[PDB]
Every structure is written in structure tokens, then in C-alpha cells.
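One chain follows as C-alpha cells, the form deposited in one PDB entry.
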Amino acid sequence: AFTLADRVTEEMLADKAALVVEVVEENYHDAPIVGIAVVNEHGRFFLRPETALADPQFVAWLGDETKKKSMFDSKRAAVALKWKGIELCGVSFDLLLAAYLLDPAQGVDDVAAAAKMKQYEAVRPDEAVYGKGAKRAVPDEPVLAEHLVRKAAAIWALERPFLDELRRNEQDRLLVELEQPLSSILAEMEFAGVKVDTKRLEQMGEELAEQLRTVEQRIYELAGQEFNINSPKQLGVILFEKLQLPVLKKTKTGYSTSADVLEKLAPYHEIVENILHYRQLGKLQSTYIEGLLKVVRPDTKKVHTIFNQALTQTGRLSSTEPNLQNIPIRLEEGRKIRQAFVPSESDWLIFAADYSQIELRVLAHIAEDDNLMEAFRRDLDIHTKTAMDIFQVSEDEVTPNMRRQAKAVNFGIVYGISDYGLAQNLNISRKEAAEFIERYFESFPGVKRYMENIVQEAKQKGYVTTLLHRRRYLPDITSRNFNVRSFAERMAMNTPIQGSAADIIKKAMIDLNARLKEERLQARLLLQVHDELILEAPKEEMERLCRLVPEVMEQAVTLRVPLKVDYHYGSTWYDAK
């Protein structure tokens, strides 16, 4: 049983405890704390938050680094407490991050899922307690208090077996020196948020809305009819039924209207280019203008993203509400959305720094391919150099299309694309793509050795690892379905590359955070997107940041090839280019 507590007592404030600070709303920013449980050597306690969070001794305990707490998803609680003006310190074990590191494919999203990994089932899944979707609801205090106490008791019971397995995997330092410190840095970044120029966004959205209606009127002209252009079903009836355009690709219920297909239907009818333009404009208007404006807080005029640290199978961060990694990077108005992201104070600027080709540099290091390593030691343009070797031409003989094809081979490596995906990316046959790949391996035989050796290692051990000992289990590597086996082989090759790059960026973030405080700069980390870090800082700090940030990022790890960082600053994220 447990103590349903009236007031905070001294025995609730031991120097080691499992702690539950429950935030039930999915978006925890400025969200209610619905209850608190503490389990320690003296007992098990449920506290009402209006009581506990108004208690000086309990608040002092929360903020005391020397009182150690074990938790699940400590960042959710940290941020919810930041919005109440309360600091959470001393979190020495995060069970969500521990479960993530042990097996990211398990999907661990609550205490019960993690507990089941160790045959502990005396805790319910959150979904069984709070309900799903519309029916979601905080239950009565007796049901709530038992749930929170069972979650804390599970965290209390599970710390030792989880830490023991992490230690056997050589992942104990990964948890304690990388993922957990990063969790606190991410909490600060989310809480600070990023200032959005909403008038600029609304002005962009008004541009699009008038452009969209011009294109949309033109499409109804060439259609001889009005129809929902945003319905791929109705658009198929207009294209392939009414206008009798060739069906080149089939979807599983009707006709494909992908941008891939439409670009090749373009010579046949003027409607097609107008559909393509409508699709561009409408994606910007719906996903990025209206999408962003919906998640800007009117109190702060900021967006406060939520970074998901325990989701991807490579170790990269993901982010939501908004997903600021999805912001377009190709077109002109694509990245012009980034004009809307501004410093949060007068006379501050945005500073952005990004790793140049970190994935291919990591590959050069892991594969120890002499040709790849030398190209980076000479700081060559890697796509031009790849074209030179594959086609055996001098630099001045590399045509733009040759460089494009080499760049597509290189991107297929960074992102693990199939050779059918290479064919599909280059609009060539599978046989031609295969010959492309063999010429690459003729030029980079160390990369070929690495690809063969890592697949054999994944088959032997059952998993692959990154430079900082993240692992990914690959049970499909021995499957008899060719497509299932092939995807697992590509993941064996890709995860050490993408996940080691993720490791390096996370270590750079931790090193940068420490250096900024050591230097007593006001500069603050705001975002991590792709291979880039974004900060804001007083304009009087730019010259110092120009030396400090690239140095910290370049020295985060020592590889057989240099790490290279490009950096810029400006009055907006766009202009930090």
C-alpha cells in the first residue's frame, strides 16, 4: 500500500527516490501537473500537486542536485515545472532513456512497456488509465494515486536491472554522460522557445492565398470543370478519365498523382504544370504557414517544440509541435519561411552552424577508405571528386549532370537508399544504377569492405553499433523475404553512419553548453535541426561565437578526417546563411 499524503514530511525528502511528476496532456508546455508520487527507503507517497508544489521544503528538495531522483521521461516533468518557476535537479536515472538505449525498436513509450522488458507487470499502461483520444480523461484520485505510485514503485524496482544491462552493453556512460545531460539541455531549449514574426508569416500566407486562387481558377479552366484539386481521387478522374492522360503509375486503390508522375505527364496538357504549382503553394500554405501559426503561443509569440529523444532507431532527435526539422530546404520560398524565425530580444541575432558532410566524413573514418579519407583531408568538393573517380575524368571535365549523378550516389549512402531507389532517383534502369554502384566501389574499395563487413557483423552479433555505442538490433537481416532482408542490410550499413553523426552532434551540444557558461556568454542554444545547431545571442557576442562555436563543434570527437563546420549569423534564421 501507500500513504495518501496530506502534507510534505521529512521522510518524503530522502536523498534517493523514484519520482513521478505526472503531466497527462501530450504537449507538456505550460501544462497541469495532476499528481506526484515518491517512493524511497521510508515508504510510498502520493502528494497532491497544489500541496507539494507550494511547499518550500519539497521545492528545495526538487532543486537540490545532491538528492537523487529516478524518473521516467524527466524532461516532460522538468519543462512542466519550469513553466511553474520550479527547478528539477539531481535526476540521476531516466528509465525512458535507459530503455531507449537498450533497444530503440521496442517503442517504449510508458513505464509499463519498459517494465515488461524485465518481466515486471505490476503497473498499468498509461493508455489503460487515461483512455485514448476523445475519451481521454484524468481519473478519480484513488485510481490516479494508485497508478502514479505503481509507476514510481516500478521505476524504483527497475533501476538496477536496467543499469546492469547497460553496463554489459558498455552503454552506461552513454546514458549518464550523454543522453541524460542532453535531456536537461533540450529542456532548456524547449522552454526558451524560438520567437516567430507572426505578421511576416501572415503576410506570406496572404501572398500564397492570392497566388493559390489564381492557379486554382486556371486549373478549373483547363479542367473545364470545378473539383477538389486537393483530393487525389477527384484529380485522377479529371486527369486520367476526362483528359485521357497516360496512366504511368498505379496506386493501390486508383491512379498515382505524385509529383514524380505529374512531371512526366507535363508535355501532354497545360493543366499538369498548374497542378504542380498548386501542390507547391498549397503545401507551403497548409503545412508551414497555417501549421506554424497554430502552434505559436500568443502569450510569448514563440514556438516551443517538443524534442523526442527516445524515438528514432538511429539516435537522431525528432521534434514536434512544430517539427522544425521538416521546414523546406529546396525551393526559394521553401526556406524563406525561416525569415519568420527571429531573435527573441532587441539587438540579438541568430547564429547558425552546421557540419559539412558529417555523414560521409564519419563513413571515411569507419571504413578507413584511403581515397575517401584523402578527399576530406584535402577538403575537396566530395561530389565533384566522386564524379571524377566514377567517370575517370579530370576536374574540368566534370559536367553538371555528372556531378548530379555522383551526388545522388553519395546521398544514397548517407540515407541508405536501395539501388532501385537510386534508379528511381536518377530516372535510370536498375541495371544502370547497379553499374553506377560497382564503379563507385571500384573507386572506394574501403567503403565496399565496410558494407560487406558490417552486414556480416549484424548477422553474427544480431545488431550494429555507433561510435558512442548506441545499438540497433536487426532481426530481419536473416529473413527469407528479399525485400525484408535487403532493408535490414541497408540499415546495418546506414545506422553506424547516421547514428555516429547523431552521437557527435549530441556531444557537441553538451560541450557547447558547458563552454557558453564557462565563457559567461548570454548566447543560448535554440534548435538542433539535421546537422545544424541554431543559437541566438547579443550582437556584441557574434565575433566571439564565430571562433567558439565551430571550434567546439569541430573538436567534439577526433576522427581520422577533420570535421568541418560552416557558420553564419543574421537578423533571422533565413539570413543566418
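Just so we're on the same page, rigid core means the largest C-alpha set that superposes within 1.5 Å between forms. Start at 1 with the first residue shown and count on from there.
Just so it is clear, the following notes concern the form deposited in another entry, a form of the same protein that is not shown.
Superposing the rigid core between the shown form and the other one leaves a single residue from 464, 417, 382, 208 with a C-alpha shift of at least 2 Å: 417. Put the two forms on the same core and the Cα of residue 251 is off by 2 Å or more between the shown form and the other one.
In summary, the C-alpha positions of residue 417 and residue 279 diverge in the other form, ending up at least 3 angstroms farther from each other than in this conformation. Here's the thing about residue 370 and residue 417: their CA atoms end up at least 3 Å closer in the other form than they are in this form.
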